[PDB]
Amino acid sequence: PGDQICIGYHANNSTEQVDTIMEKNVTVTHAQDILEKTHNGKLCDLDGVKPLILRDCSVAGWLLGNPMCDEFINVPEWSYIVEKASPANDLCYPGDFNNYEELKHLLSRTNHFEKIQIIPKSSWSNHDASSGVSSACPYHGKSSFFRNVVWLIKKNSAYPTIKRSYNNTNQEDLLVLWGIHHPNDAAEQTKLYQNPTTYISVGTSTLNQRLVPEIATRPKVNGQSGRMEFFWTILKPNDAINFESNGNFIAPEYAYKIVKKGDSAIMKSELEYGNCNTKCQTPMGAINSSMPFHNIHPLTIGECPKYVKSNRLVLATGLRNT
């Protein structure tokens, strides 16, 4: 006569908590954390492709060939590029890199740079190629210079007009670099290039420039009172570049085949290579997670969870615990 059926619900030992609009820290029977909060603190390979870690070199230092940056004289295909906040080795000889940030961006659209010789250094018959060095650009305690460009000096009190051409007879776009030397005074202009009134003219199918050296005394930087200014162009397959100059010309020697284009990045990180592999990389370390969210760093590359700024994101799946 005391037969009964009761209706009830699950309860358990769970301590996991969630929030609602109206109540905080509600204990529930089941819950799903959807936020990843950890990383391995290391710069890894991205799907089996090693990044380019420039260490103490900046991009300019790498591309122009600062003699301190000999590690990167020939670089293999990369997945991403890592640069420090303040690289030590930039323009050893002081000056300016024209449109540097635009080149940085193009570089983030690239995976591989194949270096090729376009104007051999032994090819300068009527100009001194070998004595264009500086204490501002030391190598092994000895005066040197950027490896990829040539600082031509007068030969036997003569600097004849240079007329050189190069045809891009390759199948890829070619990054070409050159520069100009701005001397400190009229006396340094004579001693280096003989002619007092000089120029550099550069022409491609899309480029037209005529540079005149700016002779002026500027504060010493790495011992140097003069400056150098660098320029770059993308030369398309079958287009030619023509140089003409009677002084102050920093000629190219090596250029870069853009052999592979794709989704790359310049990461700003003080970290170094971590000998690991990952599918998701941040500037702070790599992520290995099935979570839909993370709060490590906003700037990621690869197949990543979606970045959020919360400390906690826990979804209720079960019910209010007893």
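Residue indices: 1-based, along the sequence shown.
Practice prompt. Take the C-alpha B-factors listed in the entry for 204-212 and for 117-125, compute each mean, and give the stretch with the larger one.
Written response: Per the PDB entry, the higher value belongs to 117-125.
Practice prompt. Using only the Cα atoms and their B-factors as the entry lists them, report which of 134-142 and 170-178 averages higher.
Written response: According to the PDB entry, the answer is 134-142.
Worksheet item: What's the residue among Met228, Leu192, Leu103, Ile234 with the greatest CA temperature factor in the PDB record?
Response: Top of the list by C-alpha B-factor: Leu192.
Worksheet item: Once the chain's modelled residues are ordered by C-alpha B factor and cut into thirds, is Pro183 in the lowest, middle or highest one?
Response: Middle third of the chain for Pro183's C-alpha B-factor.
Fill in: Third of the chain, ranked by Cα B-factor, where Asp90 sits
Middle third, going by the recorded CA B-factors of the chain.
Fill in: Assigned third (lowest, middle, highest) for the C-alpha B factor of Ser58
Middle third by C-alpha B-factor.
Fill in: Third of the chain's Cα B-factor distribution that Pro196 belongs to, per the entry
Highest third of the chain for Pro196's C-alpha B-factor.
Worksheet item: Taking the entry's C-alpha B-factors for this chain, is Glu71 in the lowest, middle or highest third?
Response: For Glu71, the deposited C-alpha B-factor lands in the highest third.
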